[PDB]
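1. Everything below, folded, please.
(2 chains)
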2 protein chains.
Amino acid sequence: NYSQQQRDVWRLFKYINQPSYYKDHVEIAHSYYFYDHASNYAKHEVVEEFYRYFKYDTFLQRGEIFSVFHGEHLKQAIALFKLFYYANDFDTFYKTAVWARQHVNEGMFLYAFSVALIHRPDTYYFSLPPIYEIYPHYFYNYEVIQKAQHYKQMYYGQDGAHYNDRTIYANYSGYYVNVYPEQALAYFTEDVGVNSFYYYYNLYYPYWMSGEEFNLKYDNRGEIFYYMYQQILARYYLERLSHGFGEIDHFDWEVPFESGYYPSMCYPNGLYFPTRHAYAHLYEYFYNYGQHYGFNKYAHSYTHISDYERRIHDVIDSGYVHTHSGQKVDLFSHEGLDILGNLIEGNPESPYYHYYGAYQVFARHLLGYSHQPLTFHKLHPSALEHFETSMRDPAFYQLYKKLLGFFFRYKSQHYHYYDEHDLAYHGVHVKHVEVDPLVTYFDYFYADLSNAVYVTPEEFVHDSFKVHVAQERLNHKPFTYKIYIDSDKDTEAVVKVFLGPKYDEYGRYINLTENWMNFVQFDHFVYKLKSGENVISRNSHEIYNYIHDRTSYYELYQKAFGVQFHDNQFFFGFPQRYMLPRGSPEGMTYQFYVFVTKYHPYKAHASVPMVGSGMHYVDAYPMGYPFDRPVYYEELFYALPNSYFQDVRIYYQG
Amino acid sequence: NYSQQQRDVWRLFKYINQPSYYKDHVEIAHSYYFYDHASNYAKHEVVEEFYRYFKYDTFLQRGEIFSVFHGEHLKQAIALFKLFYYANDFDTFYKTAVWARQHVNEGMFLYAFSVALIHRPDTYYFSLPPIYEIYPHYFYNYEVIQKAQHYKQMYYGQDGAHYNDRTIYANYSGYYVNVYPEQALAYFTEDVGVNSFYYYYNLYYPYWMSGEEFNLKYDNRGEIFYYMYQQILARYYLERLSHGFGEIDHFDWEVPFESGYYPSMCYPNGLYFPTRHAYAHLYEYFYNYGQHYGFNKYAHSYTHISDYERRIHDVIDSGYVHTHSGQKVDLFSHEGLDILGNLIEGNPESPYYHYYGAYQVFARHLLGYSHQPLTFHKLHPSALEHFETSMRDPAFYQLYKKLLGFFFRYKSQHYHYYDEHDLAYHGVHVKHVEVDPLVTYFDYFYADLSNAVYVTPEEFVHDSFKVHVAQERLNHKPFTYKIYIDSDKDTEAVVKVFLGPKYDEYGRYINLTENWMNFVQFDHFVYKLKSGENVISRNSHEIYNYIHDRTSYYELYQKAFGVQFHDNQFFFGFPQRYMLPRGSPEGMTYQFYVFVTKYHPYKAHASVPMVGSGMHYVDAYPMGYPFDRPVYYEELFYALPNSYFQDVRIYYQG
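-> Numbers count the residues shown, from 1 in each chain, chains lettered A, B, ... in the order given. Take a look:
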């Protein structure tokens, strides 16, 4: 049944670094042969491609590091995902998944299987075990994995109820070593929930998936790319303001990269993560000094980065894009932001991928600053080269701020600033907003770390060994804010609440003209107004639209994890405990912007909740609609009756 | 009388940038002739030297910038000070002062006159008008001086009670321009009181005054140099911790100076203060690029700095000093810290001035980073080259931290860490300490800015024009702390209270081993204990021993300014309103260390309160006695019964 399919899906993720020792899994893997049948998949091309990869010494063996930002790794993972996705029936998909689990590389199998599960018509609504639990090596410092393995080695017969079911109290990166100050925001950048958010966003909309083939173009994906990255940057800026940090550092490709990253994580094969030192020179000569290369295109990541940056600048200035036809494509269309997002991201929907390329891929390779692989099968990728650990690197935020500057330039040059009438909602007036005291504190979070040790077959079958990891994760006391609206008739409005800063780290007031980009979508719902006075009450545990529209969320929770506050993986999901940025004992001061507008339903492609169905969104206004473009008159945003600015102090206790 | 002499002394300081238009002053200057008499001064050599300077085109004319860190400026100022000081009777001193006022350069006259007044036997107890009022061009941005001159130009007959007695609301450096972040602590570094403190300290113990000739060796001057600069650095560090800043930046002479200084002040001759840009190269070539020099020793300030730093390193490592005899002088004596202070400072008491030189002079010249003077009479000095504006430059604090590192090295290598017995005070026990809530806030301070404009003779005589400047200066609510001591007999003890940080800017606990240098002397008094329980009550308005022992203070206040909270100028004087570092709304957390010890009277050379008389001090223990040397066991300082650590939160309101 659906419950049994869910349980089997979860079973498939146990002890990924080891072969599946379940009897059914072993039998299925040893007896099944995808190429032998070759008829149960909707397409024979996908199976033929995967067979070509698998047989003729062009496949990533078990035990090798997998990176989705390496070309051949990506090609093989795509082939496996297509094999999983084009299974005519779920039974064939399960047999293929079991075989791949037992035979295909661990990281490659995990990525292909996850993308298939979120994207398959049948298994879209399947919950997935938290990634930080499945593959913990990417989420905890090696001082935690090594301690878990200490307990595992010591747990043998003697000393019962000792070295078992033990809680490892992990610290964040800067506890032991005095790492670079930017890594002081380690409890946020290295939070398992935030990295899970980024990883699940990339699972939902992979940078290599084509919107024509996989229906991701009905979700725009360019506006998604832009809005998701801008919201991540804005939430990071809010956290930095909380901790007294300033705006994210600006960096030049031609100046030594002033920031260094010292990861504390380790690969399951005993290989430590690459380290980027302070003031690292990013030039071909310096970042390939003392290396072989010769036929590695990533060795020249600097020249490719400069080329793609130049091309993006040119297309944004002109507003005219080059296509394979070499013709003139208008970028001023209604969906010009979408075209720009596809162009910059590098997804198969890019106007000309050969010309604009994957700027982010080469930027991550260069800023990761690790040795170029001697061979395909001997690769040493950095944090920036994985989705699960990208947010841990400050260079991640600096790189994507450099990217979003391009979108800001496009909007500034080609978008007309909103006037009073465009934002006006005649007959609606937000009288005042009351928000309960916003308090943020730290609490311990317990996660099943047992997947980081090597279990014996009996232990595997019975899960006898248990080892937890406890981590201080920011949490907030539940709050409920009220919105009072005085309408003129029974209209159907859309309410959009934003969270942004009012004062910078130096206490200076930030004008909306230089502050529109720092606003974080706090809630985005639809309310049916009535003539006269209305009161809108919203709880903290009812907000599912943080920095992202998730309208069909919680119906998947009520089914999969609804058989509380359990890692969803449904849509993207920002941690409910990280919604409010850390405050101060005195209370760092932010402001909430409340907006109300008439309903504009989105062009939903289909009713079924699914990636690419278009059912995600609330309204058809541009994402972050009031602040999606530069603001030329702050007093205009203050004077709108259907708007309201309200100031709150978030209090940190601990 | 004494009151009339005080009033005449104050009159001498009115409108320094202009000739004295008082009738008596003009008559005295025009009729008097110091060389004509040549007998009223105790020495004919001083008058002959000043005459040689004054006549034969080797004197600094009126209207030229004066810098005490220029060799020939310093020589001329010394000659004038010696002329003022060796006046056999006060009447001759007054006639000479009037003549110099009307004829000698303004800055040179002001410096020589002030040093003479603080150092003369007769006029030691004379109060002096606040320096920030006498010569405001060194204490306020030019946007204030130009506005005062606007009012002065507009104030002519018409528009009465308008453009007169006007209050100019001045802002600190970073209000208009987005200057380098280190200048964010502008309300402290640019506070008139703090700069007055430094200027008056340098008036009291000039770097060129000989302790043999002027009795400054009975005040050690080396321990004074060290302790004053260390306490200034520690108070600055406390302020930085308050504002979230860290430890003072360390800089290498061989790396570009990463910090830049943009002063907003202007010279009275319309010349703007030199600016040091970010990442300034300090090498001979770079900081003399495009300049003439050729016979300016300060052009090679870098080589001299390196030489003197090398010599200081060598003497501290060896502990053996080179003298004109070229012999071996023990630096391990009881007064070895004094010898080291004289050696580093460069005062005439230096063991061999030719060999160790004035490291601070050349360091200030190099870090000031201004054009080398084309001529003696055309000089463009920086903030670091004046005593009144040194503390405004972050390079000041970085330079003197680099200096005090030398003393730290000397103490670490050659001083034995205190044990339990050395610090023990048997029979004394500090039970607990109660300190009232420490609250710091901002208030407006009004200073007479009228000395920055050019008045007509009638206006000069009647002081018709009045223009004030209002500035937000940190102030604290009055507090009273209690110290409970349980003694065994009626002993006579010395109480030493220190203020230092407990947590750094990142919330980490600072161990005493790395925290002994950050403790600021809060109070240092003597109490006559009694057998059994004692309670010591001390008010905030009774503390005169902040970062400096001033035992004979307030008897000069009760006479000169006692005919409240008026700028003293007596001894050094840390502003009473800046005693408590700025807190936070949540409350930045510091700690008070309370120490009690048996009385060790200082070797007072004379009873009369005076510079060089030795009457300044309380006890004969080394300055900052508990923390004058590195701490090898913090638990030792915690375990001493006669000690006590108490934690306080200082609350910022505003």
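
2. How about the secondary structure of residue A:91?
-> Look at residue A:91: counting by DSSP: H, G, I helix; E, B strand; the rest coil, its state is helix.

3. Using the three-state scheme, assign the spatially most central residue of chain A.
-> For chain A, residue A:198 is the residue whose C-alpha lies nearest the centre (C-alpha atoms, centre = their mean; 1.5 Å). For residue A:198, the assignment made with three-state DSSP gives helix.

4. Report the contact partners of the nearest residue to it once chain neighbours are set aside.
-> Of all residues not flanking residue A:198 in the chain, residue A:391 sits nearest, at 5.2 Å (C-beta to C-beta, 6 or more residues apart in numbering or on different chains). (Each C-beta comes from the backbone N, C-alpha and C, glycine too.) For residue A:391, the contact set (C-beta atoms under 8 Å, 6 or more residues apart in numbering or on different chains) comprises A:189-190, A:194-195, A:198, A:232, A:397.

5. where do the strands sit along chain A?
-> Here chain A has its strands, by DSSP state E, at A:166-169, A:320-322, A:328-330, A:430-434, A:438-448, A:467-476, A:480-487, A:492-501, A:520-528, A:532-539, A:588-598, A:643-653.

6. Show me the one of those that comes nearest chain B.
-> strand A:643-653 (8.2 Å; C-beta to the nearest C-beta).

7. counting contacts, what elements does that closest one pack onto?
-> strand A:430-434, strand A:438-448, strand A:588-598, helix A:634-639 (3 or more C-beta pairs under 8 Å, 6 or more residues apart in numbering or on different chains; DSSP states H and E).

8. Please repeat the previous calculation with a cut-off of 7 Å.
-> When contacts are defined as 3 or more C-beta pairs under 7 Å, 6 or more residues apart in numbering or on different chains; DSSP states H and E, strand A:643-653 packs onto strand A:430-434, strand A:438-448, strand A:588-598.

9. before we move on, back to that, just send the strands of chain A back as TSV, with distance to residue A:103 too.
-> Shown next, in TSV, are the strands of chain A (distance: least, C-beta to C-beta, whole Å):
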stretch	distance to residue A:103
strand A:166-169	32
strand A:320-322	43
strand A:328-330	44
strand A:430-434	57
strand A:438-448	26
strand A:467-476	28
strand A:480-487	52
strand A:492-501	47
strand A:520-528	43
strand A:532-539	48
strand A:588-598	52
strand A:643-653	50
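
10. May I see those organised as JSON lines, with mean neighbour count and distance to residue A:158 added?
-> JSON lines is the format used below for those (neighbours: other C-beta atoms under 10 Å in any protein chain shown; distance: least, C-beta to C-beta, whole Å):
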{"stretch": "strand A:166-169", "mean neighbour count": "16", "distance to residue A:158": "15"}
{"stretch": "strand A:320-322", "mean neighbour count": "19", "distance to residue A:158": "69"}
{"stretch": "strand A:328-330", "mean neighbour count": "12", "distance to residue A:158": "72"}
{"stretch": "strand A:430-434", "mean neighbour count": "15", "distance to residue A:158": "61"}
{"stretch": "strand A:438-448", "mean neighbour count": "17", "distance to residue A:158": "24"}
{"stretch": "strand A:467-476", "mean neighbour count": "20", "distance to residue A:158": "18"}
{"stretch": "strand A:480-487", "mean neighbour count": "18", "distance to residue A:158": "53"}
{"stretch": "strand A:492-501", "mean neighbour count": "22", "distance to residue A:158": "54"}
{"stretch": "strand A:520-528", "mean neighbour count": "19", "distance to residue A:158": "53"}
{"stretch": "strand A:532-539", "mean neighbour count": "13", "distance to residue A:158": "51"}
{"stretch": "strand A:588-598", "mean neighbour count": "21", "distance to residue A:158": "52"}
{"stretch": "strand A:643-653", "mean neighbour count": "18", "distance to residue A:158": "44"}
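
11. Looking at those, which is nearest to residue A:342?
-> The closest approach between residue A:342 and any of the strands of chain A, judged by C-beta to C-beta, belongs to strand A:320-322 at 9.9 Å.

12. partners of that closest one in the sheet?
-> strand A:328-330 (antiparallel) (DSSP bridges).

13. Residue A:163 is in contact with residue A:149, isn't it?
-> No - here residue A:163 lies out of contact with residue A:149, judged by C-beta atoms under 7 Å, at a distance of 11.0 Å.

14. For the stretch 201-350 of chain A, what lies in contact range of chain B?
-> residue A:244 (C-beta under 7 Å from any C-beta of the partner chain).

15. of all of the stretch 201-350 of chain A, which residue lies closest to chain B?
-> Taking C-beta to the nearest C-beta, the stretch 201-350 of chain A has residue A:244 as its residue nearest chain B, at 4.5 Å.

16. okay, now the nearest residue to that residue once chain neighbours are set aside: neighbour count?
-> Distance criterion C-beta to C-beta, 6+ apart; nearest residue to residue A:244, sequence neighbours excluded, is residue B:244 at 4.5 Å. Residue neighbour count, defined by other C-beta atoms under 10 Å in any protein chain shown, stands at 15 for residue B:244.

17. Please tell me how far residue B:244 sits from residue B:324.
-> Distance, residue B:244 to residue B:324, using C-beta to C-beta, to the nearest Å: 50 Å.

18. residue contacts, residue A:636?
-> residue A:420 (C-beta atoms under 7 Å, 6 or more residues apart in numbering or on different chains).

19. make it 10 Å
-> Listed by C-beta atoms under 10 Å, 6 or more residues apart in numbering or on different chains, the contact set of residue A:636 reads A:417-420, A:422-423, A:512, A:643.

20. Just the ones in helices from these, please.
-> Residues of the contacts of residue A:636 located in helices (DSSP state H): A:420, A:422-423.

21. Can you go through those residues and name the buried ones?
-> When the ones in helices among the contacts of residue A:636 are checked for burial by 16 or more other C-beta atoms under 10 Å in any protein chain shown, the buried set is residue A:423.

22. Reformat the ones in helices among the contacts of residue A:636 as CSV; add distance to residue A:557.
-> Below are those laid out as CSV (distance: C-beta to C-beta, whole Å):
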residue, distance to residue A:557
A:420, 40
A:422, 36
A:423, 34
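
23. Closest to residue B:28 out of the ones in helices among the contacts of residue A:636?
-> So of the ones in helices among the contacts of residue A:636, ranked by how close each gets to residue B:28 (C-beta to C-beta), first place is residue A:420, at 73.8 Å.

24. For the closest one, which non-adjacent residue is closest in space?
-> In space, residue A:420 is closest to residue A:636, 5.7 Å off (C-beta to C-beta, 6+ apart).

25. cool, and residue A:600?
-> Sequence neighbours aside, residue A:620 is the residue nearest to residue A:600 in space, at 4.0 Å (criterion: C-beta to C-beta, 6+ apart).

26. Now for residue A:163 and residue A:149: what residues contact both?
-> What both residue A:163 and residue A:149 touch, as defined by C-beta under 10 Å, 6+ apart, is the set residue A:467.

27. dump the residue contacts of the residue lying closest to residue A:74 once chain neighbours are set aside.
-> Of all residues not flanking residue A:74 in the chain, residue A:68 sits nearest, at 5.7 Å (C-beta to C-beta, 6+ apart). Neighbour list for residue A:68: A:74, A:77-78, A:107-108, A:111, A:115, A:202, A:206-208, A:361, A:381, A:385-388 [criterion: C-beta under 10 Å, 6+ apart].

28. mind listing which of those residues are in helices?
-> A:74, A:77-78, A:107-108, A:111, A:115, A:202, A:361.

29. List just the nearest of the residues you listed to residue B:544.
-> residue A:202 (65.6 Å).

30. just checking, the closest one touches residue A:387?
-> Yes - counting by C-beta atoms under 10 Å, residue A:202 does reach residue A:387; the two are 4.3 Å apart.
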